[PDB]
Amino acid sequence: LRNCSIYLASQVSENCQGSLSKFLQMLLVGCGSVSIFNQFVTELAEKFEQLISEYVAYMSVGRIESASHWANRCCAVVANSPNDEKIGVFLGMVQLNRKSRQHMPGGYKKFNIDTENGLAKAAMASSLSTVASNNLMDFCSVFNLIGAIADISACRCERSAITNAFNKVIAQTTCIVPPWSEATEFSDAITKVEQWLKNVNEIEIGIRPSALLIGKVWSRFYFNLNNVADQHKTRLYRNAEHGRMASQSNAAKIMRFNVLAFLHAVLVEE
Amino acid sequence: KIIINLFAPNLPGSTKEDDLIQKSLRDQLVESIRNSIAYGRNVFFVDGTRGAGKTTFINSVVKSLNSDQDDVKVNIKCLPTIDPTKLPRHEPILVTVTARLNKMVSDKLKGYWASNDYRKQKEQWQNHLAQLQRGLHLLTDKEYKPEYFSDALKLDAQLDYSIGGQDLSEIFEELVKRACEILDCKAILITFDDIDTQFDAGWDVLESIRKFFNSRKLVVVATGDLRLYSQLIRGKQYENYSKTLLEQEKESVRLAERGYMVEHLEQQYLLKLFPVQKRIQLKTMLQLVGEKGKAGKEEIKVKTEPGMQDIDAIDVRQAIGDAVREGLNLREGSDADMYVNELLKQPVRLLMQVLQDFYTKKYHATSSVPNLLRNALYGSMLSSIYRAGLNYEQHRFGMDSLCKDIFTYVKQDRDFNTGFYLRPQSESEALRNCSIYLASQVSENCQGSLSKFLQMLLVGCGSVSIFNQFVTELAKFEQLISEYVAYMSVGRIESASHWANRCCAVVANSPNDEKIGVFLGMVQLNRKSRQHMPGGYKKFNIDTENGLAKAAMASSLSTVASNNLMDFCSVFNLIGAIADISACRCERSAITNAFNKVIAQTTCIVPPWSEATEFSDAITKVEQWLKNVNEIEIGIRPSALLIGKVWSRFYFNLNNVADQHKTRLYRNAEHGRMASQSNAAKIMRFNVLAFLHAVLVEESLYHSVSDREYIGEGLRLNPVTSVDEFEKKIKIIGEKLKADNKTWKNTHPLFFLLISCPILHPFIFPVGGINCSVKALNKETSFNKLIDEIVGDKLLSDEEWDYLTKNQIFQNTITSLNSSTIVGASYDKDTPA
């Protein structure tokens, strides 16, 4: 294992050199698959090898279609795990209502994506993840956001392909719970992505990432999402929406620091 | 540079020039062997992927090194390649090497011209051969004898070996040294083939290399699998331990340290025998051409047709694309690039063979495109097909064997959620090699037929996803596979309507949470008269509907006996209805037989894994539709990705339609005029609307007939609880179609033929599912006129359109589902304010 550690470090260094999308799959699929299972090793740890075989077969470790598709599978496992207080603020995502609730104080209501117009509309759907079960649910995760950045950074700069990077997980896939379970303004938005893709194709040439760097970036990123899943979890106040004090926190307050958690992890470790 | 003519006999013995790929690697290896001459074991290992030119390449270095003698300052004579598995089971490798070395020396002796030189060196050769013969017994002795000690002290040898005793390492070193002088060369090449067929014979090879081939005038090129050599070495290091120690020390600590010692012993045995710097891997032709973005280290062009010029030759990376894009009916993009990556990792002699078996047969056709690719893959890649349980005979292949092989592929690859795409993403080579074969097979049969497109869509792709979400809560997992297959009979289907009839028996088998009574692709119907049902008319009646409305409602109704004679009505029956009617001759006398077939009521047994005239008006128009279908279906070019993507969006659409319409069943939900009231009419319409949306969107993005899409730049969402999303796409597609002088019937033939189906017309616009509000009417009206632009016929008149919104006889619209009943529906609540 000591001999395989340095060889695997060379694998990460070689495979992630001269790219940014490839840097993200190791952060998302590589380091993520073991920290997400870290929940599942403190839960049921023979059955351990059965869980390993079932976990990779679910998350498609080794045959990932895209970093976004991994997030959709990663979306369900964080949810189907046993939890407390029946909360929708999971580790890396917020569980949003798909049905109207009676007696909603303030302007709280079922979320509709049509409110966001352009680049907001694109980034709102890229963070969405839908899983089907006996009770169909919906989550909005930072992992889905990264799964789109990796997806975008791996495609061509043509408009015909960029418009496809936003239409891979929204209304096509049908995620099913793991077997170990109990039961035009958008055209201008694409232009913003296209011009930034030009930067990526010429700034990423100088990248030189390491397995340590990808390991450390995910370390801060994963630890942060445990804070938001606990510190921000209890702020479900009636006046939380339109909040401006520190105590006030809503769904927007969750993802604002969840994304900033990702940016800081990239910032501090780089 | 490198040119490969495909009209060649393909004999490896005729490979002399312009018919191989590895010369860049060979000349580096050939010079590397020569580079080590002036610098004492030189062992080069050529790792092989169980055959990628392993025997062909190993022969090429023998040919090249033997020919070049005069030009090079230092030359190499090559022994014939040694196959250790074909040698006698007890003959030492040293004997085999000397026997072949003797003939090369003897042949060179007979080639001399000076008699004195011939006599002088022949005696030296026989003096060394006698010394080896005298000491040859040391290789094979069961015991030592004191009579050998007299031979070990014999120093009468005229050549006076350096160290004392009698060791074959010193004797063979002088024998090779003399052989070099006679042959006038340096560093004779010993070549070994693989030990795959019998890898116990590789121990003699390994032991001989490290004990007798240490001379600087000997260079060895071994071949095989280092995994197999590591297993063989590891087993031998375990035999050094005394058998008593293995029994008297059986605890975990002792056993885990003996394996630790053997692991370290085996690690440096491979490093010493095969140095890393001398190990060489046969680069695949993907590694020689690149990703099509970065300039590769080699350029390869292929003579597709007989007589291309040197500059008039297409790149092999694009030559595969010409086969992959056209054979699989695949539009150019990212998915087509991943299939050619699969073929670019195949053995070099294999990709040429399938390329040769494709273009040569295609040239004869020029005097179907998919079967040419299929026959090219089948004749060269049959090893994986036989080793996967799929059909491996050419004549039998049809629309019934396709379903089972794809089901077998999904089961073998264990990808039940996205495996129907036939994505080459497996971990085993055999499973990957079957994905491309099925994709060619999918495009082989579904091409030129609308029915086989739906049959593959329904029976083929449907069986993968309906199983995952509804027949996996139970699992003897393999036992559930066989009877599930035996239920709908994907191996042999009498018709597509029978699959849909049993499809409802599977979806409705899964219980619904909180007992709502609505399932994935349908909604339940309450045969018994519900007591004092509020609002609307009675439950339902088949006889109520008019000539065409009854033609679709009855055809979409299936009866299954499970705890009662339970009634089902699904879009799956509607899709199955199309296939039987479409797959028949245009003669109306035969159409009606295929038409009454899909409407004649039948009963289907509960799944075993469970606990339990005015009707001829529609027959006239379906004949007109079938006349239209018989010519527009020719232009379709379906692909494994297209049919998989059509179902994938159609599957999620049905999941969301039932998820949101379950809670919209109210006292006043009937005769829906706003989005919040949804009866059984509104549920079933969106099921039909889901099918048309899936076909339209996917045909724009992945159908091969069009080079570019016409959806535009926007979010593609399913039409659930609304029609604007489906209405918007038709407008954008229509606007871009007219400006580019392209029609719907030529750009989207599948959607054009499905939107023109007379059967679906009484379902697209039902009485109770219009939810015609103030804003909905504007989108609904534009939706209607846009549809009438595609089909060219307004199925409902403007008088009939005003009838629905305003709250006589309607042939083209169902009239009983507006106030229909649903099992498990709670009619104690009503619409809020």
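Coordinate-derived values only; no laboratory data. Because the Cβ atoms are built from the backbone with ideal geometry, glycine has one as well, and the counts that use them run over all protein chains shown.
In this structure, is residue B:767 among the aliphatic types (A, V, I, L, M) and surrounded by fewer than 20 Cβ atoms within 10 Å (Cβ to Cβ)?
no
Would you mind stating whether residue B:333 is touching a helix residue (DSSP H, G or I) at 6+ places or on another chain (Cβ under 8 Å), more than 24 Å from residue B:57 (Cβ to Cβ) and within 14 Å of chain A (Cβ to nearest Cβ)?
Taking the combined requirement at face value, the residue satisfies it.
Need the failing condition index for residue B:712 against (1) assigned to a loop (DSSP other than H, G, I, E, B); (2) at the interface with chain A (Cβ under 10 Å from one of its Cβ atoms); (3) at negative phi; (4) not hydroxyl-bearing (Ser, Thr, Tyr), just the number.
Failed condition: (3).
State whether the residues of the range B:721-734 include one that is among the polar types (S, T, N, Q) and either in a helix (DSSP H, G or I) or surrounded by 22 or more Cβ atoms within 10 Å (Cβ to Cβ) (or both). Steps first, answer last, please.
Filtering the range B:721-734 down to residues among the polar types (S, T, N, Q) leaves B:721-722.
Filter once more, keeping what is either in a helix (DSSP H, G or I) or surrounded by 22 or more Cβ atoms within 10 Å (Cβ to Cβ) (or both): none.
No; the residues of the range B:721-734 include none that is among the polar types (S, T, N, Q) and either in a helix (DSSP H, G or I) or surrounded by 22 or more Cβ atoms within 10 Å (Cβ to Cβ) (or both).
Looking at the range A:160-179, which of the residues that are buried (at least 18 other Cβ atoms within 10 Å of the Cβ) and hydroxyl-bearing (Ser, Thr, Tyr) is farthest from residue A:74 (Cα to Cα)?
A:163
Please enumerate the residues belonging to the range A:130-147 that are within 13 Å of chain B (Cβ to nearest Cβ) and either buried (at least 20 other Cβ atoms within 10 Å of the Cβ) or over 16 Å from the mean Cα position of the chain (by Cα) (or both).
Answer for the range A:130-147, where residues must be within 13 Å of chain B (Cβ to nearest Cβ) and either buried (at least 20 other Cβ atoms within 10 Å of the Cβ) or over 16 Å from the mean Cα position of the chain (by Cα) (or both): A:130, A:131, A:132, A:133, A:134, A:135, A:136, A:137.
Scanning for something more than 29 Å from residue B:526 (Cα to Cα), assigned to a helix (DSSP H, G or I) and over 42 Å from the mean Cα position of the chain (by Cα), does the range B:759-774 turn up at least one residue?
Yes: the range B:759-774 contains one or more residues that are more than 29 Å from residue B:526 (Cα to Cα), assigned to a helix (DSSP H, G or I) and over 42 Å from the mean Cα position of the chain (by Cα).
Taking residue B:363, is it away from chain A (no Cβ under 14 Å) and surrounded by fewer than 21 Cβ atoms within 10 Å (Cβ to Cβ)? Reasoning before the result, please.
On the way: away from chain A (no Cβ under 14 Å): yes; surrounded by fewer than 21 Cβ atoms within 10 Å (Cβ to Cβ): yes.
Criteria met by residue B:363.
Considering only residues that are polar (S, T, N, Q) and buried (at least 24 other Cβ atoms within 10 Å of the Cβ), look in the range B:446-464 and name the one that is nearest to the other protein chains (Cβ to nearest Cβ). Break it down into steps so the answer makes sense when it comes.
Taking the range B:446-464 as the starting set, the residues that turn out to be polar (S, T, N, Q) are B:447, B:449, B:451, B:455, B:463.
From what's left, buried (at least 24 other Cβ atoms within 10 Å of the Cβ): B:455, B:463.
Values: B:455: 22, B:463: 15 Å.
Taking the candidates together, the pick is B:463.
Looking only at the range A:180-195, how many residues end up being surrounded by fewer than 19 Cβ atoms within 10 Å (Cβ to Cβ) and within 7 Å of chain B (Cβ to nearest Cβ)?
Going through the range A:180-195 one residue at a time, the tally reaches 3.
Has the range B:787-795 got at least one residue that is farther than 28 Å from residue B:570 by Cβ and exposed (fewer than 13 other Cβ atoms within 10 Å of the Cβ)?
The answer is yes, given that some residue of the range B:787-795 is farther than 28 Å from residue B:570 by Cβ and exposed (fewer than 13 other Cβ atoms within 10 Å of the Cβ).
Is the range A:85-92 home to any residue that is facing chain B (nearest Cβ under 8 Å), within 30 Å of residue A:243 (Cβ to Cβ) and within 18 Å of the chain's Cα centre (by Cα)?
no
Which of the residues belonging to the range B:274-302 are part of a helix (DSSP H, G or I) and of a type outside the set (A, V, I, L, M, F, W, C)?
If the condition is that a residue be part of a helix (DSSP H, G or I) and of a type outside the set (A, V, I, L, M, F, W, C), then B:277, B:278 are the ones that fit.
Go over the candidates B:658, B:680 one by one and state the one that is more than 30 Å from residue B:436 (Cα to Cα), within 10 Å of another protein chain (Cβ to nearest Cβ) and touching a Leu at 6+ places or on another chain (Cβ under 8 Å). Spell out the reasoning first.
Working: B:680 fails: within 10 Å of another protein chain (Cβ to nearest Cβ).
None of the others qualify; the one that does is B:658.
I'd like the full set of residues that are under 24 Å from residue B:664 (Cβ atoms) and touching a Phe, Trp or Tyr at 6+ places or on another chain (Cβ under 9 Å), limited to the range B:771-800.
Matches in the range B:771-800: B:780, B:781, B:783, B:784.
Can you tell which of B:154, B:145, B:186, B:120 is closer than 23 Å to residue B:206 by Cα and outside any strand (DSSP E or B)? Walk me through how you get there before you give the answer.
Values: B:154 fails: closer than 23 Å to residue B:206 by Cα; B:145 fails: closer than 23 Å to residue B:206 by Cα; B:120 fails: closer than 23 Å to residue B:206 by Cα.
Exactly one of B:154, B:145, B:186, B:120 is closer than 23 Å to residue B:206 by Cα and outside any strand (DSSP E or B), namely B:186.
Could you grab the pairs with beta carbons closer than 8 Å, sequence gap of 6+ or different chains, first residue in the range B:225-241 and in a loop (DSSP other than H, G, I, E, B), second one surrounded by 14 or more Cβ atoms within 10 Å (Cβ to Cβ)?
Short answer, once both residue conditions are applied: B:225/B:47; B:225/B:48; B:225/B:194; B:225/B:196; B:241/B:258.
So, in the range A:68-125, of the ones that are out of contact with any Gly (no Cβ under 8 Å at 6 or more places or on another chain) and hydroxyl-bearing (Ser, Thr, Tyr), which residue ends up farthest from residue A:252 (Cα to Cα)?
A:81
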